[PDB]
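Have a look at the structure below before the remarks.
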Amino acid sequence: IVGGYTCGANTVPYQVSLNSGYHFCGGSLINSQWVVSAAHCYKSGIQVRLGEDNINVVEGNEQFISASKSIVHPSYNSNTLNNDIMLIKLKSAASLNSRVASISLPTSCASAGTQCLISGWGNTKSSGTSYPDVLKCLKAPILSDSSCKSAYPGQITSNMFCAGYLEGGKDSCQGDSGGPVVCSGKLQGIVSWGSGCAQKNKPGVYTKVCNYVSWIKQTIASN
Ligand SMILES: CC(C)COc1cccc(-c2nc3cc(C(N)=[NH2+])ccc3[nH]2)c1[O-]
Ligand SMILES: [Ca+2]
Ligand SMILES: [Cl-]
């Protein structure tokens with residue numbers, strides 16, 4: 001997260017770290033056995049780390065669970081990142097409490113101007129790599145579709161939305177991918193891509209979760 005602040009230990013209880021010997025992507029807990037992340041964060045050998053604050057120190061509250069299966073969206077396109085969503089089923093359910101809790105899926109899509117919270121352990125510099133030990137937070141508004149398409153002409157599908165600041169300085173970045181964009185307490189986006197990090201006129205692009213609620217529900221129900 002570039003230009004964000006320290007969240008505070010466990011103030012984002014649905015945030016998870018996908019780990020394969022190091023943190024590589026974020027994700028969101030939606031129920032005690034399922035996590036939603038981005039399809040491009042897929043790989044085998046994933047360990048889901050819940051209740052984390054400092055990812056390099058066991059401080060207590062952590063629950064490390066292996067993934068039983070990862071379900072990448074069947075229409076995911078690695079070239080355009082269209083349908084960039086994935087569900088991971090956990091080997092055992094997580095114990096939910098105030099430090100580990102799930103987030104709700106939306107009932108409607110959010111409008112431009114809606115303020116949301118983005119979090120993650122991704123890079124904090126737009127030029128060079130500086131990865132933090134604790135969770136960073138950023139409050140960013142959803143941008144209008146016209147500003148998003150003007151910024152990325154020909155690359156935004158109806159399953160993507162832009163959120164951020166056109167002046168630069170605040171944005172999600174590498175290491176944040178797969179993580180949550182929460183607005184009015186609902187999971188509205190998944191960190192997907194952007195051009196560099198916090199560059200002027202190049203806001204972040206997020207998977208539009210409201211277009212996938214029936215898919216998530218039908219897929220969790222049949223697995
Ligand atoms: C399969 C993963 C291990 C590789 O992940 C990645 C490798 C290189 C870059 C990214 C990445 N850049 C990103 C930029 C942004 C942004 N809003 N500007 C957001 C997420 C990003 N994720 C990223 O998620
Ligand atoms: Ca830790
Ligand atoms: Cl266009």
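Residues in the structure tokens are named by chain (A, B, ... in the order shown) and by number from 1 within that chain; ligands are numbered from 1 in the order shown.
DSSP on the backbone gives strand (DSSP E or B) for these parts of range 33-114 of chain A: residues 34, 35, 36, 37, 47, 48, 49, 50, 63, 64, 65, 66, 67, 68, 69, 70, 71, 72, 77, 82, 86, 87, 88, 89, 90 and 104 of chain A.
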May I have the selected residues written with N, CA and C atoms, as a compact mmCIF listing (two decimals), in the first residue's frame?
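Dumped everything to out25.txt:
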```txt
# COMPACT_ATOMS: atom_id res chain seq x y z
N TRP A 34 -13.89 -20.61 3.72
CA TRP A 34 -13.57 -20.11 2.37
C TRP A 34 -12.97 -18.70 2.38
N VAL A 35 -12.05 -18.48 1.48
CA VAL A 35 -11.35 -17.20 1.29
C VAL A 35 -11.48 -16.80 -0.17
N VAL A 36 -11.58 -15.53 -0.48
CA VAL A 36 -11.69 -15.12 -1.89
C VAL A 36 -10.37 -14.34 -2.15
N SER A 37 -9.76 -14.53 -3.28
CA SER A 37 -8.50 -13.82 -3.61
C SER A 37 -8.54 -13.59 -5.14
N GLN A 47 -0.60 -21.74 2.00
CA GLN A 47 -0.94 -21.89 3.43
C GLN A 47 -1.65 -20.55 3.66
N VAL A 48 -2.82 -20.57 4.23
CA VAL A 48 -3.57 -19.33 4.50
C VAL A 48 -3.22 -18.93 5.95
N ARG A 49 -2.88 -17.68 6.14
CA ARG A 49 -2.52 -17.14 7.47
C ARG A 49 -3.53 -16.07 7.88
N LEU A 50 -4.31 -16.45 8.86
CA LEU A 50 -5.36 -15.57 9.41
C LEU A 50 -4.85 -14.95 10.76
N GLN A 63 -3.64 -18.14 12.87
CA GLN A 63 -4.20 -19.49 12.63
C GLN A 63 -3.58 -19.76 11.26
N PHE A 64 -2.80 -20.79 11.08
CA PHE A 64 -2.16 -21.11 9.75
C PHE A 64 -2.94 -22.34 9.29
N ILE A 65 -3.62 -22.33 8.17
CA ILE A 65 -4.39 -23.51 7.70
C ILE A 65 -4.02 -23.79 6.24
N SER A 66 -3.86 -24.99 5.80
CA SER A 66 -3.52 -25.24 4.38
C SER A 66 -4.79 -25.14 3.56
N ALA A 67 -4.64 -24.87 2.30
CA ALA A 67 -5.81 -24.76 1.42
C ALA A 67 -6.14 -26.20 0.98
N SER A 68 -7.38 -26.60 0.91
CA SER A 68 -7.78 -27.96 0.50
C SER A 68 -7.85 -27.84 -1.04
N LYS A 69 -8.48 -26.84 -1.60
CA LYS A 69 -8.55 -26.67 -3.10
C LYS A 69 -8.59 -25.18 -3.42
N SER A 70 -8.23 -24.80 -4.61
CA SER A 70 -8.26 -23.39 -5.03
C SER A 70 -9.13 -23.51 -6.28
N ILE A 71 -10.10 -22.68 -6.48
CA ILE A 71 -11.01 -22.71 -7.65
C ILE A 71 -10.86 -21.40 -8.42
N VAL A 72 -10.11 -21.38 -9.48
CA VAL A 72 -9.92 -20.16 -10.28
C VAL A 72 -11.22 -20.04 -11.14
N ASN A 77 -9.00 -14.90 -17.72
CA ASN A 77 -8.12 -14.72 -18.90
C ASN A 77 -6.83 -14.14 -18.36
N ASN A 82 -9.35 -10.43 -16.91
CA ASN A 82 -10.83 -10.30 -16.81
C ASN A 82 -11.20 -11.54 -15.98
N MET A 86 -10.74 -15.92 -7.41
CA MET A 86 -10.46 -17.33 -7.07
C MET A 86 -11.00 -17.62 -5.68
N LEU A 87 -11.46 -18.81 -5.44
CA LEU A 87 -11.98 -19.18 -4.10
C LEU A 87 -11.01 -20.21 -3.57
N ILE A 88 -10.69 -20.21 -2.32
CA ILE A 88 -9.76 -21.21 -1.75
C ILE A 88 -10.58 -21.81 -0.65
N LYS A 89 -10.64 -23.11 -0.58
CA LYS A 89 -11.42 -23.78 0.50
C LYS A 89 -10.33 -24.13 1.52
N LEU A 90 -10.53 -23.94 2.78
CA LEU A 90 -9.47 -24.29 3.80
C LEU A 90 -9.56 -25.77 4.22
N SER A 104 -18.91 -9.62 4.71
CA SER A 104 -20.09 -9.94 3.89
C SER A 104 -19.92 -9.59 2.43
```
Could you name the residues that touch range 17-30 of chain A at 9 Å or less, counting only C-alpha atoms, but leaving out those on the same chain fewer than 2 positions away, as a PyMOL selection string?
-> chain A and resi 13-15+32-38+41+43-50+52+55+100-105+119-122+174-180+187+190-191
For the selection you just gave me, I'd like the residues written to a file as a PDB file, in the first residue's frame, keeping C-alpha atoms.
```pdb
ATOM      1  CA  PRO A  13     -10.138  -9.257  10.962  1.00  0.00           C
ATOM      2  CA  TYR A  14     -11.098 -10.663   7.512  1.00  0.00           C
ATOM      3  CA  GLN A  15      -7.670  -9.964   5.955  1.00  0.00           C
ATOM      4  CA  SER A  32     -15.018 -20.086   8.234  1.00  0.00           C
ATOM      5  CA  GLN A  33     -13.832 -22.343   5.450  1.00  0.00           C
ATOM      6  CA  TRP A  34     -13.566 -20.106   2.370  1.00  0.00           C
ATOM      7  CA  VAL A  35     -11.346 -17.204   1.294  1.00  0.00           C
ATOM      8  CA  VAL A  36     -11.692 -15.116  -1.892  1.00  0.00           C
ATOM      9  CA  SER A  37      -8.503 -13.823  -3.607  1.00  0.00           C
ATOM     10  CA  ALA A  38      -7.461 -13.048  -7.225  1.00  0.00           C
ATOM     11  CA  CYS A  41      -2.401 -15.292  -7.119  1.00  0.00           C
ATOM     12  CA  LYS A  43      -0.302 -21.626  -7.154  1.00  0.00           C
ATOM     13  CA  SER A  44      -0.200 -24.932  -5.326  1.00  0.00           C
ATOM     14  CA  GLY A  45       1.276 -25.278  -1.867  1.00  0.00           C
ATOM     15  CA  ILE A  46      -0.647 -22.312  -0.390  1.00  0.00           C
ATOM     16  CA  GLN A  47      -0.936 -21.885   3.426  1.00  0.00           C
ATOM     17  CA  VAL A  48      -3.575 -19.333   4.496  1.00  0.00           C
ATOM     18  CA  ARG A  49      -2.515 -17.142   7.466  1.00  0.00           C
ATOM     19  CA  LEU A  50      -5.358 -15.571   9.413  1.00  0.00           C
ATOM     20  CA  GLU A  52      -1.890 -11.686  11.278  1.00  0.00           C
ATOM     21  CA  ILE A  55       3.798 -11.422   9.161  1.00  0.00           C
ATOM     22  CA  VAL A 100     -10.568 -13.399  12.839  1.00  0.00           C
ATOM     23  CA  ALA A 101     -14.025 -12.682  11.339  1.00  0.00           C
ATOM     24  CA  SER A 102     -15.531 -13.015   7.820  1.00  0.00           C
ATOM     25  CA  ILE A 103     -16.718 -10.016   5.708  1.00  0.00           C
ATOM     26  CA  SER A 104     -20.088  -9.942   3.892  1.00  0.00           C
ATOM     27  CA  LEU A 105     -20.576 -10.123   0.164  1.00  0.00           C
ATOM     28  CA  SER A 119      -5.363  -3.179   3.164  1.00  0.00           C
ATOM     29  CA  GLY A 120      -2.340  -5.420   2.650  1.00  0.00           C
ATOM     30  CA  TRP A 121       1.367  -6.132   3.240  1.00  0.00           C
ATOM     31  CA  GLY A 122       2.353  -5.007  -0.275  1.00  0.00           C
ATOM     32  CA  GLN A 174       2.569  -5.498  -5.564  1.00  0.00           C
ATOM     33  CA  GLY A 175       2.037  -7.810  -2.512  1.00  0.00           C
ATOM     34  CA  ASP A 176      -1.511  -6.369  -2.030  1.00  0.00           C
ATOM     35  CA  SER A 177      -3.001  -8.292  -5.013  1.00  0.00           C
ATOM     36  CA  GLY A 178      -5.826 -10.673  -4.016  1.00  0.00           C
ATOM     37  CA  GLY A 179      -6.796  -8.523  -1.044  1.00  0.00           C
ATOM     38  CA  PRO A 180      -9.973  -6.724  -0.004  1.00  0.00           C
ATOM     39  CA  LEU A 187     -16.519  -6.822   0.139  1.00  0.00           C
ATOM     40  CA  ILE A 190     -10.344  -7.537  -4.955  1.00  0.00           C
ATOM     41  CA  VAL A 191      -6.942  -5.877  -5.579  1.00  0.00           C
TER      42      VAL A 191
END
```
Please provide the set of residues having any atom within 10 Å of residue 80 in chain A, restricted to only C-alpha atoms, with same-chain residues fewer than 3 positions apart removed, written as an MDAnalysis selection string.
-> chainID A and resid 76:77 83:84 155:157
Serialized selection, C-alpha atoms, as a PDB file, in the first residue's frame:
```
ATOM      1  CA  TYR A  76     -10.349 -16.119 -16.055  1.00  0.00           C
ATOM      2  CA  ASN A  77      -8.124 -14.716 -18.899  1.00  0.00           C
ATOM      3  CA  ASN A  83     -12.639 -12.506 -14.170  1.00  0.00           C
ATOM      4  CA  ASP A  84      -9.620 -12.254 -11.839  1.00  0.00           C
ATOM      5  CA  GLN A 155      -8.526  -2.469 -20.831  1.00  0.00           C
ATOM      6  CA  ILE A 156     -11.417  -2.128 -18.394  1.00  0.00           C
ATOM      7  CA  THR A 157     -14.189  -4.786 -18.674  1.00  0.00           C
TER       8      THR A 157
END
```
May I have the residues within 9 Å of ligand 2, computed using only C-alpha atoms and all ligand atoms, as a PyMOL selection string?
-> chain A and resi 49+51-62+133-134
Residues from last step as file, N, CA, C and O atoms, as an mmCIF file, in the first residue's frame:
```cif
data_model
loop_
_atom_site.group_PDB
_atom_site.id
_atom_site.type_symbol
_atom_site.label_atom_id
_atom_site.label_comp_id
_atom_site.auth_asym_id
_atom_site.auth_seq_id
_atom_site.Cartn_x
_atom_site.Cartn_y
_atom_site.Cartn_z
ATOM 1 N N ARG A 49 -2.878 -17.677 6.141
ATOM 2 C CA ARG A 49 -2.515 -17.142 7.466
ATOM 3 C C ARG A 49 -3.533 -16.072 7.883
ATOM 4 O O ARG A 49 -3.607 -14.966 7.333
ATOM 5 N N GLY A 51 -5.458 -13.890 11.194
ATOM 6 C CA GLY A 51 -5.149 -13.145 12.459
ATOM 7 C C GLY A 51 -3.769 -12.561 12.496
ATOM 8 O O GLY A 51 -3.196 -12.366 13.564
ATOM 9 N N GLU A 52 -3.234 -12.261 11.353
ATOM 10 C CA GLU A 52 -1.890 -11.686 11.278
ATOM 11 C C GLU A 52 -1.829 -10.165 11.359
ATOM 12 O O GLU A 52 -2.748 -9.458 10.997
ATOM 13 N N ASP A 53 -0.728 -9.666 11.845
ATOM 14 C CA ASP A 53 -0.509 -8.213 11.936
ATOM 15 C C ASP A 53 0.919 -8.236 11.426
ATOM 16 O O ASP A 53 1.149 -8.033 10.246
ATOM 17 N N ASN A 54 1.903 -8.503 12.242
ATOM 18 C CA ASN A 54 3.319 -8.544 11.768
ATOM 19 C C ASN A 54 3.450 -9.902 11.080
ATOM 20 O O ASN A 54 3.326 -10.906 11.781
ATOM 21 N N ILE A 55 3.675 -10.055 9.810
ATOM 22 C CA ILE A 55 3.798 -11.422 9.161
ATOM 23 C C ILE A 55 5.132 -12.089 9.423
ATOM 24 O O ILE A 55 5.289 -13.236 9.049
ATOM 25 N N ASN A 56 6.072 -11.434 10.047
ATOM 26 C CA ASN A 56 7.384 -12.099 10.307
ATOM 27 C C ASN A 56 7.544 -12.498 11.760
ATOM 28 O O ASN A 56 8.591 -13.036 12.082
ATOM 29 N N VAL A 57 6.575 -12.249 12.608
ATOM 30 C CA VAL A 57 6.630 -12.605 14.061
ATOM 31 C C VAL A 57 5.390 -13.303 14.489
ATOM 32 O O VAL A 57 4.358 -12.785 14.095
ATOM 33 N N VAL A 58 5.359 -14.361 15.239
ATOM 34 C CA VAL A 58 4.107 -15.047 15.682
ATOM 35 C C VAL A 58 3.849 -14.191 16.979
ATOM 36 O O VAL A 58 4.580 -14.261 17.943
ATOM 37 N N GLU A 59 2.824 -13.398 17.011
ATOM 38 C CA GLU A 59 2.517 -12.537 18.177
ATOM 39 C C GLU A 59 1.314 -13.069 18.907
ATOM 40 O O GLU A 59 1.022 -12.586 19.986
ATOM 41 N N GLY A 60 0.640 -14.023 18.346
ATOM 42 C CA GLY A 60 -0.573 -14.633 18.942
ATOM 43 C C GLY A 60 -1.749 -14.224 18.059
ATOM 44 O O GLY A 60 -1.653 -13.171 17.448
ATOM 45 N N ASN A 61 -2.788 -15.007 17.979
ATOM 46 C CA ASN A 61 -4.015 -14.754 17.171
ATOM 47 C C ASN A 61 -3.866 -15.365 15.819
ATOM 48 O O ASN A 61 -4.827 -15.444 15.081
ATOM 49 N N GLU A 62 -2.726 -15.800 15.460
ATOM 50 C CA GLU A 62 -2.535 -16.416 14.127
ATOM 51 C C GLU A 62 -3.112 -17.819 14.013
ATOM 52 O O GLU A 62 -3.070 -18.606 14.953
ATOM 53 N N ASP A 133 6.127 -5.121 7.606
ATOM 54 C CA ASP A 133 5.958 -6.306 8.477
ATOM 55 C C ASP A 133 4.522 -6.278 8.941
ATOM 56 O O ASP A 133 3.945 -7.334 9.086
ATOM 57 N N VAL A 134 3.951 -5.126 9.175
ATOM 58 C CA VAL A 134 2.545 -5.036 9.646
ATOM 59 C C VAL A 134 1.643 -4.592 8.518
ATOM 60 O O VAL A 134 2.112 -4.089 7.504
#
```
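Minimum distance to ligand 1 across A:137, A:1, A:220, A:93 (counting only C-alpha atoms and all ligand atoms) occurs at A:1.
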Select the residues contacting ligand 3 at a distance of at most 6 Å, based on only C-alpha atoms and all ligand atoms, then format the selection as a PyMOL selection string.
-> chain A and resi 149+153-154
Atoms kept (N, CA, C and O atoms) for selection, written as a JSON list (two decimals), in the first residue's frame:
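Output file out06.json is given in full below:
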```json
[["chain", "number", "residue", "atom", "x", "y", "z"],
["A", 149, "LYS", "N", -12.08, 4.38, -17.64],
["A", 149, "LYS", "CA", -11.84, 4.06, -19.09],
["A", 149, "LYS", "C", -10.92, 5.11, -19.70],
["A", 149, "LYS", "O", -10.16, 4.75, -20.56],
["A", 153, "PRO", "N", -7.75, 3.08, -21.51],
["A", 153, "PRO", "CA", -8.65, 2.87, -22.64],
["A", 153, "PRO", "C", -8.49, 1.45, -23.20],
["A", 153, "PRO", "O", -7.38, 0.97, -23.36],
["A", 154, "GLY", "N", -9.58, 0.79, -23.47],
["A", 154, "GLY", "CA", -9.56, -0.59, -24.03],
["A", 154, "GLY", "C", -9.18, -1.66, -23.04],
["A", 154, "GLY", "O", -9.12, -2.80, -23.44]]
```
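Among the candidates A:140, A:16, A:209, A:81, the one nearest to residue 168 in chain A when counting only C-alpha atoms is A:140.
If you measure from each of A:132, A:3, A:113, A:106 to ligand 1 using only C-alpha atoms and all ligand atoms, the closest one turns out to be A:3.
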Which of range 13-156 of chain A fall in helix (DSSP H, G or I), as a list in words =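 Here is the list: residues 39, 40, 41, 145, 146, 147, 148, 149, 150 and 151 of chain A.
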What would the file look like if the residues just selected were written as a PDB file, in the first residue's frame with N, CA, C and O atoms?
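Heads up, here's the output in again13.pdb:
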```
ATOM      1  N   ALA A  39      -7.510 -14.615  -9.083  1.00  0.00           N
ATOM      2  CA  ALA A  39      -7.079 -15.821  -9.848  1.00  0.00           C
ATOM      3  C   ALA A  39      -5.593 -15.730 -10.188  1.00  0.00           C
ATOM      4  O   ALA A  39      -4.922 -16.737 -10.259  1.00  0.00           O
ATOM      5  N   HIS A  40      -5.014 -14.583 -10.390  1.00  0.00           N
ATOM      6  CA  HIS A  40      -3.566 -14.604 -10.740  1.00  0.00           C
ATOM      7  C   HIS A  40      -2.691 -14.859  -9.501  1.00  0.00           C
ATOM      8  O   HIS A  40      -1.495 -14.875  -9.648  1.00  0.00           O
ATOM      9  N   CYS A  41      -3.223 -15.020  -8.330  1.00  0.00           N
ATOM     10  CA  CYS A  41      -2.401 -15.292  -7.119  1.00  0.00           C
ATOM     11  C   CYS A  41      -2.434 -16.819  -6.989  1.00  0.00           C
ATOM     12  O   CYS A  41      -1.951 -17.382  -6.034  1.00  0.00           O
ATOM     13  N   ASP A 145     -16.865   5.465 -14.057  1.00  0.00           N
ATOM     14  CA  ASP A 145     -16.430   4.590 -15.162  1.00  0.00           C
ATOM     15  C   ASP A 145     -15.736   5.420 -16.209  1.00  0.00           C
ATOM     16  O   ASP A 145     -14.761   4.936 -16.763  1.00  0.00           O
ATOM     17  N   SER A 146     -16.195   6.620 -16.496  1.00  0.00           N
ATOM     18  CA  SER A 146     -15.509   7.434 -17.525  1.00  0.00           C
ATOM     19  C   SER A 146     -14.087   7.757 -17.120  1.00  0.00           C
ATOM     20  O   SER A 146     -13.206   7.694 -17.970  1.00  0.00           O
ATOM     21  N   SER A 147     -13.817   8.107 -15.881  1.00  0.00           N
ATOM     22  CA  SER A 147     -12.409   8.409 -15.528  1.00  0.00           C
ATOM     23  C   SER A 147     -11.594   7.087 -15.637  1.00  0.00           C
ATOM     24  O   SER A 147     -10.453   7.086 -16.085  1.00  0.00           O
ATOM     25  N   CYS A 148     -12.158   5.975 -15.237  1.00  0.00           N
ATOM     26  CA  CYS A 148     -11.420   4.686 -15.315  1.00  0.00           C
ATOM     27  C   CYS A 148     -11.107   4.337 -16.759  1.00  0.00           C
ATOM     28  O   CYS A 148      -9.968   4.027 -17.063  1.00  0.00           O
ATOM     29  N   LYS A 149     -12.077   4.379 -17.644  1.00  0.00           N
ATOM     30  CA  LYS A 149     -11.841   4.055 -19.093  1.00  0.00           C
ATOM     31  C   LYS A 149     -10.923   5.108 -19.696  1.00  0.00           C
ATOM     32  O   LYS A 149     -10.163   4.746 -20.564  1.00  0.00           O
ATOM     33  N   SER A 150     -10.962   6.356 -19.306  1.00  0.00           N
ATOM     34  CA  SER A 150     -10.039   7.384 -19.886  1.00  0.00           C
ATOM     35  C   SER A 150      -8.631   7.002 -19.456  1.00  0.00           C
ATOM     36  O   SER A 150      -7.688   7.128 -20.223  1.00  0.00           O
ATOM     37  N   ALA A 151      -8.471   6.546 -18.232  1.00  0.00           N
ATOM     38  CA  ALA A 151      -7.113   6.177 -17.760  1.00  0.00           C
ATOM     39  C   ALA A 151      -6.576   4.901 -18.402  1.00  0.00           C
ATOM     40  O   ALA A 151      -5.394   4.845 -18.696  1.00  0.00           O
TER      41      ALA A 151
END
```
Selection: 9 Å around residue 203 in chain A, only C-alpha atoms, excl. self and same-chain fewer than 2 positions, as a PyMOL selection string | chain A and resi 143+148+151+162-168+170-171+194-195+197-201+205
Would you mind exporting N, CA, C and O atoms of the selected residues as a CSV table (one decimal), in the first residue's frame?
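Result saved to out.csv:
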```csv
chain,number,residue,atom,x,y,z
A,143,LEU,N,-13.9,5.3,-8.5
A,143,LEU,CA,-13.9,6.4,-9.5
A,143,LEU,C,-15.1,6.1,-10.5
A,143,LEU,O,-15.6,5.0,-10.7
A,148,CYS,N,-12.2,6.0,-15.2
A,148,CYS,CA,-11.4,4.7,-15.3
A,148,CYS,C,-11.1,4.3,-16.8
A,148,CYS,O,-10.0,4.0,-17.1
A,151,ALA,N,-8.5,6.5,-18.2
A,151,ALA,CA,-7.1,6.2,-17.8
A,151,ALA,C,-6.6,4.9,-18.4
A,151,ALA,O,-5.4,4.8,-18.7
A,162,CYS,N,-12.2,1.2,-11.0
A,162,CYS,CA,-11.0,1.8,-10.6
A,162,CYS,C,-11.3,2.5,-9.2
A,162,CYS,O,-12.4,2.9,-9.0
A,163,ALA,N,-10.3,2.6,-8.4
A,163,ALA,CA,-10.5,3.2,-7.1
A,163,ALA,C,-9.2,3.9,-6.8
A,163,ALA,O,-8.1,3.3,-7.2
A,164,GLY,N,-9.2,5.0,-6.1
A,164,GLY,CA,-7.9,5.6,-5.9
A,164,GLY,C,-7.8,7.1,-6.1
A,164,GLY,O,-8.9,7.8,-5.9
A,165,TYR,N,-6.7,7.6,-6.4
A,165,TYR,CA,-6.4,9.1,-6.5
A,165,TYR,C,-5.6,9.4,-7.8
A,165,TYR,O,-4.5,9.0,-8.0
A,166,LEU,N,-6.2,10.1,-8.7
A,166,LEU,CA,-5.5,10.5,-10.0
A,166,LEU,C,-4.3,11.4,-9.8
A,166,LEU,O,-3.5,11.5,-10.7
A,167,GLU,N,-4.2,12.0,-8.6
A,167,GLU,CA,-3.0,12.8,-8.4
A,167,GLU,C,-1.8,12.0,-8.1
A,167,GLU,O,-0.7,12.5,-8.0
A,168,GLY,N,-2.0,10.7,-7.8
A,168,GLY,CA,-0.8,9.8,-7.4
A,168,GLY,C,-0.5,9.9,-5.9
A,168,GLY,O,-1.2,10.6,-5.2
A,170,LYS,N,-1.1,7.7,-3.5
A,170,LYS,CA,-1.8,6.7,-2.6
A,170,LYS,C,-2.4,5.6,-3.5
A,170,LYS,O,-3.1,5.9,-4.5
A,171,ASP,N,-2.1,4.3,-3.3
A,171,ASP,CA,-2.6,3.3,-4.2
A,171,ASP,C,-2.2,1.9,-3.6
A,171,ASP,O,-1.5,1.8,-2.6
A,194,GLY,N,-2.7,-2.6,-11.9
A,194,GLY,CA,-2.6,-1.1,-12.0
A,194,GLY,C,-1.3,-0.8,-12.9
A,194,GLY,O,-0.6,-1.8,-13.1
A,195,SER,N,-1.0,0.4,-13.3
A,195,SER,CA,0.2,0.6,-14.1
A,195,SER,C,1.2,1.1,-13.0
A,195,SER,O,1.1,2.3,-12.6
A,197,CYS,N,2.7,1.8,-9.4
A,197,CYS,CA,2.0,2.0,-8.1
A,197,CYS,C,2.0,3.5,-7.8
A,197,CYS,O,3.0,4.1,-7.8
A,198,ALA,N,0.8,4.0,-7.5
A,198,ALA,CA,0.6,5.4,-7.1
A,198,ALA,C,1.1,6.4,-8.2
A,198,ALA,O,1.5,7.5,-7.8
A,199,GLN,N,1.0,6.1,-9.4
A,199,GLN,CA,1.4,7.0,-10.5
A,199,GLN,C,0.2,8.0,-10.8
A,199,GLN,O,-0.9,7.6,-10.7
A,200,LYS,N,0.5,9.2,-11.2
A,200,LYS,CA,-0.5,10.2,-11.5
A,200,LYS,C,-1.4,9.6,-12.6
A,200,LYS,O,-0.8,8.9,-13.4
A,201,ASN,N,-2.6,9.9,-12.6
A,201,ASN,CA,-3.6,9.4,-13.7
A,201,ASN,C,-3.6,7.9,-13.9
A,201,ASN,O,-4.2,7.5,-14.9
A,205,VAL,N,-6.9,-0.9,-10.3
A,205,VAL,CA,-8.1,-1.6,-10.9
A,205,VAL,C,-8.4,-2.8,-10.0
A,205,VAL,O,-7.5,-3.5,-9.6
```
Tell me, in Å to one decimal, how far CA of residue 115 in chain A is from CA of residue 139 in chain A.
->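 If I compute the distance from CA of residue 115 in chain A to CA of residue 139 in chain A, I get 6.5 Å.
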Which residues are near range 206-208 of chain A? Cut-off 6 Å, only C-alpha atoms, ignore same chain within fewer than 6 positions. Put them as an mmCIF file with C-alpha atoms, in the first residue's frame.
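result_23.cif, written as the output of this step:
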```
data_model
loop_
_atom_site.group_PDB
_atom_site.id
_atom_site.type_symbol
_atom_site.label_atom_id
_atom_site.label_comp_id
_atom_site.auth_asym_id
_atom_site.auth_seq_id
_atom_site.Cartn_x
_atom_site.Cartn_y
_atom_site.Cartn_z
ATOM 1 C CA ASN A 159 -15.933 -6.797 -14.172
ATOM 2 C CA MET A 160 -13.448 -4.171 -13.129
ATOM 3 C CA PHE A 161 -13.666 -0.731 -11.453
ATOM 4 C CA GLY A 189 -13.461 -5.359 -4.778
ATOM 5 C CA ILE A 190 -10.344 -7.537 -4.955
ATOM 6 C CA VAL A 191 -6.942 -5.877 -5.579
ATOM 7 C CA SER A 192 -6.112 -6.894 -9.184
#
```
At what distance in Å, to one decimal, does CA of residue 182 in chain A lie from atom 22 (N, counted along the ligand's line) of ligand 1?
-> 17.5 Å
